[PDB]
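So this one's two forms of a single chain, laid out as C-alpha cells and tagged structure 1 and structure 2.
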Structure 1
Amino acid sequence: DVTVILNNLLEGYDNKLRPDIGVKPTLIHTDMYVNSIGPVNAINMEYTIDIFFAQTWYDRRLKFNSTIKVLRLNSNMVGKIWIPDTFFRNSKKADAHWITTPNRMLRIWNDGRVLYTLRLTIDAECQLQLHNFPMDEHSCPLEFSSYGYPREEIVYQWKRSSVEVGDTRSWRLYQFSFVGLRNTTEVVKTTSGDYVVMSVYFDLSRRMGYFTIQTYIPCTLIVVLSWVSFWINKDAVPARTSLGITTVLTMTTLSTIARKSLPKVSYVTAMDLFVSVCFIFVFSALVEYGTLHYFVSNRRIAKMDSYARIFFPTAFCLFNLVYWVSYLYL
C-alpha cells in the first residue's frame, strides 16, 4: 500500500533540480527550537548552540492521491528527494547527530508539502566588544542562507512560531544571562549573486557578582590598607616602607587576575582601568612617603601626611564616582 505510493513518487523524480525550477522561487518557511545555548568562549570569540531546525516547502512532484493524509518517514528518504542547501554563514564548526540513528524527520503531505527537521550543534562566531568588560552587553547573531541558490531561486521566510526557547535556566551559560532574542531578514550581495540571509540575535549580559567579589572589593580594600601608612608616625621608617611595598606586591598579584578569561585585546577595558588606577594609587602612596622622609630627615611640606590623609581618600572616591557613573549608567 504505502510502498506503492513511495515507489510511484520516486519514479521519474530528479533530485538535482529544485521544485519549480525556471518558474518561480522556492519559498521556504523556517523554524528554530533552541534546545540549549552552550558556553560563550570569549577567548576564541565564539559560542555553542544546539537547535532543532525545521524547514517547510512545496514540491508539486510529490503529490499523491490516497486515503493517507501524510507520510511520516525517517532519514531514509532524505537523500532520495530534493533538500535545500541551507548553511550557517557564521558557523566555525557544525555537526548533526547520528546516535542512535540520523536525528532527522521527514513528513510529506498529499498536496506536496514537505517538512524536514533535523538536530544541529553549531559553534557560531560572535565578535565580542569588551571595552566595557565586565559590564558588557552583546548580541550574538546566527545567520543562515542557501549556499548556491540566489534570491531568484530560493527565498526564506520566518514562520509565525519563528524562534522558540525552552527553560533558560537549563542552558549552559555560566558568565552571561539571556536577556532577549530578535530575528531579522535581509539580502546580502556577494560575487556569486544576491542571497536571502535570515538572522537570529541572542542578547547576553554579563553578571558582575564574581568580578565584584574577586577583584573590585579586594583592590579597594588594599588601597584603603595602603592609606594606613599616612596615619603611621613618620619615624617608623621600616613599618611604612614594608607596608607600602607589600601593598604594591599584593596589588601586582591581583593585577594577574585582570586578564584571565578574555582574549589579549589591546584596548583598556574597565577592569584594566580600575586595576591600573589602584596600582597608581598605591604607587603614589609609597612615593609620597619617600618624599616626606627625604625632605623631613635627609634635608606645608612637614604637614604632607595631613594633606595626604584627605586627598588620597577624596581622589579615590572621586575616581570611583566617575568610574561607576561612566560605566553603570552612562
Structure 2
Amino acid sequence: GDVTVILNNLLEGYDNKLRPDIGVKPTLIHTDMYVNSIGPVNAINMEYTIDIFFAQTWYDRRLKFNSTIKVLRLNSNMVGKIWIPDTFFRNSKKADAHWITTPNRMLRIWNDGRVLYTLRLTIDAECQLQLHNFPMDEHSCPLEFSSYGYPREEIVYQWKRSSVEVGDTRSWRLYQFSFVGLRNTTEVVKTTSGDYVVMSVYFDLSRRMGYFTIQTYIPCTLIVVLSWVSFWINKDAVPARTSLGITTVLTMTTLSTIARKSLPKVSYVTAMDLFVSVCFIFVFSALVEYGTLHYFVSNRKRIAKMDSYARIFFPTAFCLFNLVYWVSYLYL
C-alpha cells in the first residue's frame, strides 16, 4: 500500500527523543481549545473542573513526504512514535485523559510536515477566591499551561487568533455562577530551570444569589419581623414576650451557624456575615426593650410609651439598614 510505505519511510531514522530543529531555532506550537463544559466551582477546595478538547499544531521537517496523498489522518496508534510537546497545566491539581473505548487522541500529518495533535482532557484547576463580597462576588479563574522541560529558547507556544471557543453554556454544570466571558494571555515566567512561555485563559464568573436569598436572607428577615410582634403584645404577659425574645435569639443563632456551611473557613467578614450580625443586633435589642420596659414598669416601681416608640423605630431602622446595605453592595 502507498500509505504503508510512506509511514514506514517516515519512521526510518526518526529519533523521538529530539525536537524538530533541535539546535537551529525554537519549535513554534499553535494551541487551540474547545470547552465542552466548566464543571462545578468547589469554593471549599478553591478549585473548579473543566472538560476540553486541547489541540496543538507544529512543524516537523522529518515528517515531510511527497505523494498524491496530501494528508494522513491517524488515530492514537502513532502518537507514541513521534516527538510530542511536553505540555502541562501549571495550576492543575488533578488532570486525566479519556481511554474509553480507546484513547481519545487524534493525529494528522500533512505533506509539508505540519502535525496536528488533539486530545480530550478533564482538569481540576485551582482558583483562589476572594469572598469579601460573598454572595455578591465575582471571580476570574485561570487555566495556565506551558512546557515542562523546554525553556523559551526551545519551545514557544502561540494562540490561533480565535483560539478558545465554547459551545452551549446552558448545558454546563455551573449552578451558583454564571459565565460572563473569557480572555487569553501569554507571558514569560522565570524559574530555577530557566524562562518558560506560559499561556493562560481567564474565565470570568459571577455568582447567582438566588439560592442564598432563599436560604439565608428571607428566613433572617422573617425572624426579625417576628421579633417585632412582641411590641404589640400586652406588657403584663411576661412569659409570652420572653418566649418570643428567646425563640428569635436562638433561631438567629442557628441561622448564623448554618449560613457558613457552604463557605470555607476564611478569617474575614463577608457581606452575609454583616447582614446576619445586624439581624442579631436587632432581635437582641427587641428583647432588651421589653426587659427595660418591664423593669421600669413593675420591678423598679416617656418610659411607658416605649412600645409605641418601638413600633415606629424598629421597622424604619430595619428598612434604612436594608436600603444602605443593598445600595452599597449592589451598585457601589
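Residue numbering: structure 1 sequence, from 1. C-alpha atoms forming the largest set that superposes within 1.5 Å between two forms make up the rigid core.
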| item | value |
| --- | --- |
| Pairwise rigid-part agreement between the two structures (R172, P238) | no |
| Hinge rotation between the two structures - smaller rigid part turning relative to the larger, in degrees | 12 |
| Core-fitted comparison between the two structures - CA shift at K92, Å | 0.2 |
| Shift in Å of the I310 Cα between the two structures [rigid core superposition] | 3.9 |
| Rigid core superposed, the C-alpha shift at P218 between the two structures in Å | 1.7 |
